[PDB]
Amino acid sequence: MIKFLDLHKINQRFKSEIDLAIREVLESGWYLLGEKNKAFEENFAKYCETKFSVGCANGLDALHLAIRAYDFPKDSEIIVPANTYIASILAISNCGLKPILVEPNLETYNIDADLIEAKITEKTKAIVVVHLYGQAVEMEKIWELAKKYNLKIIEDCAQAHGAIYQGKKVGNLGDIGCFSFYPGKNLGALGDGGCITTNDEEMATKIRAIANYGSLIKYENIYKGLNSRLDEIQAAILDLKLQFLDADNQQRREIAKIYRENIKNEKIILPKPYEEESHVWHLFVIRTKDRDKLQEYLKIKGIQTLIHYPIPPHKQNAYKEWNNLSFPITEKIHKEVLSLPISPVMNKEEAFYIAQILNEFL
């Protein structure tokens, strides 16, 4: 069976270094809010070329912190892509604000910036751009509209660690970037973890306070806070893995290159980034009309696949109130997408096998 994502094999490359990093935390007797978090924040900010980074508990919490720290009026709207993973939208709902869905461009699977303005109202306060599947959103028209309406740009970078647009890294393309370090991400922990990136020192400080019960000074609570911290053990593992992130992303890109050049099936639509540095290939997403039949065929041929995603947020029981809204581009994507195996440790001869098996489906 070709595995979709072999996390044991990804992390086995660092077995001795992970052991030493965990043992350093255990021997420090400091498990939270410590030197490994400080070093990881400094190094991840440097990687994104932001002045600041603040660790937190997971990627949804990163988004919740970014929105909550703005303290927008309770009737505020936040624009968000209709086809993202449900967590990008949950963050807005969980802050008590109104998500306003905008279709992706079918060509990019990312928010269509030329559809946003039609949904801006006097209540709009922010845009959550999602760099979906590893592709950076083309930001030029988002920058224009954000400034025209004095909106904040909140990047959901959970799937796109290291992606580039106009020479800037995701996490440095708006007011604040929000990251997941869930174990399956392009930079994965061995547990839940997240961070924000920003150049705004006052927002970095406010988020660091809110994520620690609202406290920067022992015994004192400035804000009504949350509890959203990155464990020292996980910061230590992330800091050692960060050194290899560009190389891992390049390894992914070489699998994507095999698929993009060797799949020749007119009934399968391949991902096509606008620039190679814009895509770090968290997910390699194809579209086909017979998606469930293709997944079963591939399974019979020894190839594990997952769907990102089969049910869009507005069709979930969670968003029952939206189930009769029409987002036909999003609906089509969710009926047609399948994710092919891709990772930094995947053998290239498996990608050639998969490409020819896909060509035999036609």
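We number the residues from 1 along the sequence you see.
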{"item": "Selected stretch [higher average CA B-factor]: 49-57 or 295-303", "value": "295-303"}
{"item": "Greater mean Cα temperature factor according to the PDB record, 62-70 or 24-32", "value": "24-32"}
{"item": "Deposited CA B-factor, highest of 117, 201, 103, 232", "value": "201"}
{"item": "Top Cα B factor in the deposited entry, candidates 89, 164, 79, 130", "value": "164"}
{"item": "Lowest, middle or highest third - CA B-factor, residue 325", "value": "highest"}
{"item": "Within-chain third of residue 278 by Cα B-factor, per the entry", "value": "middle"}
{"item": "Where the record places residue 347 (Cα B-factor, split into thirds across the chain)", "value": "highest"}
{"item": "CA B-factor placement of residue 38, once the chain's modelled residues are sorted into thirds", "value": "highest"}
{"item": "Ranked against its chain, the third holding the CA B-factor of residue 244", "value": "highest"}
